[PDB]
Amino acid sequence: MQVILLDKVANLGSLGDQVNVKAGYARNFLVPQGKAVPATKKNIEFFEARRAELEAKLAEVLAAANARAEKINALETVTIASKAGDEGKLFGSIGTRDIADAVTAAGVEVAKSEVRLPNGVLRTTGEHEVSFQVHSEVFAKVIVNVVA
RNA sequence: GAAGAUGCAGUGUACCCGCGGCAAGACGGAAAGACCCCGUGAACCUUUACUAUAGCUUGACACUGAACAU
Ligand SMILES: [K+]
Ligand SMILES: [K+]
Ligand SMILES: [K+]
Ligand SMILES: [K+]
Ligand SMILES: [Mg+2]
Ligand SMILES: [Mg+2]
Ligand SMILES: [Mg+2]
Ligand SMILES: [Mg+2]
Ligand SMILES: [Mg+2]
Ligand SMILES: [Mg+2]
């Protein structure tokens, strides 16, 4: 399948390219996500005349991602509370939904999809390092404090 | 004598007709022998008979994509 990339897609190419992908890749991911469109005469010529304004829509989104990230980096540490045993080990756990709400209430608004807990959910009291991904290339960070 | 005769030949016996009884024969009545054979007949059953086939199972392609390592 021939498609026209509407953004930077890693391992594929940059905005405006014309690449041959497997049909399933385009059908179930690139096109529904908005990352590409089928390379039909119209699209090709329309995207050719309509290009530099998308290049300005991308840099607007990339900067907006840079601005929200600096705010997340500005919260530094966010404390979360729960119940635990005496050995500090939680009975339940701490996932994305409640880390996101914690950062939301602490100021910066983050969705659960942006949280990236590397070592899974948090199941012990103390301080852990979680990461945030607000853009496909930028990456924020936050120290999370878990107390009983 | 189609080979076990009321009906043919020879011969013997025998007036015509009921009724109560008995079953030796009319190869008695009943059912186009079920046994046996035959038909290039039938059915259902069996199986390492033949040919197929549901099912079960194998791989290729499609629905079906992204990275990295070897
Ligand atoms: K006579
Ligand atoms: K009799
Ligand atoms: K035959
Ligand atoms: K039968
Ligand atoms: Mg005689
Ligand atoms: Mg009498
Ligand atoms: Mg009697
Ligand atoms: Mg008889
Ligand atoms: Mg007969
Ligand atoms: Mg037969």
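Residues numbered from 1 in each chain as written, not as in the entry; some residues may be left out. Chains lettered and ligands numbered in written order. Part of a larger assembly, values for the part shown. Heavy atoms only, no water.

### A short note on the packing of aromatic side chains
Under the criterion given, the structure shown has 1 aromatic pair. Taking the centre distance of 6.2 Å and the plane angle of 5 degrees together, the rings of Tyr-25 and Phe-29 count as stacked. Of the two residues, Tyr-25 and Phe-29 both sit in helix α1 (residues 23–33), 4 residues apart, roughly one turn of that helix. (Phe/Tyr/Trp six-rings, centres within 6.5 Å; stacked < 30°, edge-to-face > 60°. Helix = DSSP H or I, 4+ residues; strand = E, 2+ residues; numbered from the N terminus.)

### With respect to the pairing of strand β8 (residues 126–132)
Sheet topology note: the strand β6 (residues 115–116)/β8 ladder contains 2 bridges and is antiparallel. Its bridge partner being in β8, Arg-116 is matched across the sheet by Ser-131. Here 7 bridges tie β8 to strand β9 (residues 140–147), and the two strands are oriented antiparallel to one another. Looking across to β9, one finds that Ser-131 is bridged to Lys-141. (Pairing = 2+ DSSP bridges.)

### Some points on the nonpolar core
Grouped together as the largest cluster of nonpolar side chains are 24 residues, with contacts concentrated most on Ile-72, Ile-99, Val-115, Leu-122, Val-130, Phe-132 and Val-142. Those elements giving two or more residues to this core turn out to be α3 (52–75), β4 (77–81), β5 (89–94), α4 (96–105), β8 and β9. If sequence neighbours within four positions are ignored, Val-130 has contacts with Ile-99, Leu-117, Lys-141, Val-142 and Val-144. One finds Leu-5, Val-9, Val-21 and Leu-30 within the second-largest nonpolar core, a separate group that totals 8 residues. (Core = buried A, V, L, I, M, F, W, Y, C linked by side-chain atoms within 4.5 Å. Buried < 20%, exposed > 50% of the residue type's maximum accessible area, 1.4 Å probe, protein only. Contact = heavy atoms within 4.5 Å.)

### What to know about the sheet that holds strand β3 (residues 36–38)
One open sheet accounts for 3 strands, arranged β2-β1-β3; its pairing is antiparallel. On the outer flanks of this sheet lie β2 (18–20) and β3, each paired with one strand and no other. Each neighbouring strand pair of the sheet contributes to a mean axis angle of 40 degrees, computed without reference to strand direction. In this structure, strand β1 (residues 2–5) lies alongside β3, joined through 3 bridges in antiparallel fashion. Its bridge partner being in β3, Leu-5 is matched across the sheet by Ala-36. (Axes fitted to C-alpha atoms, helices over the stretch in contact; angles between N-to-C directions.)

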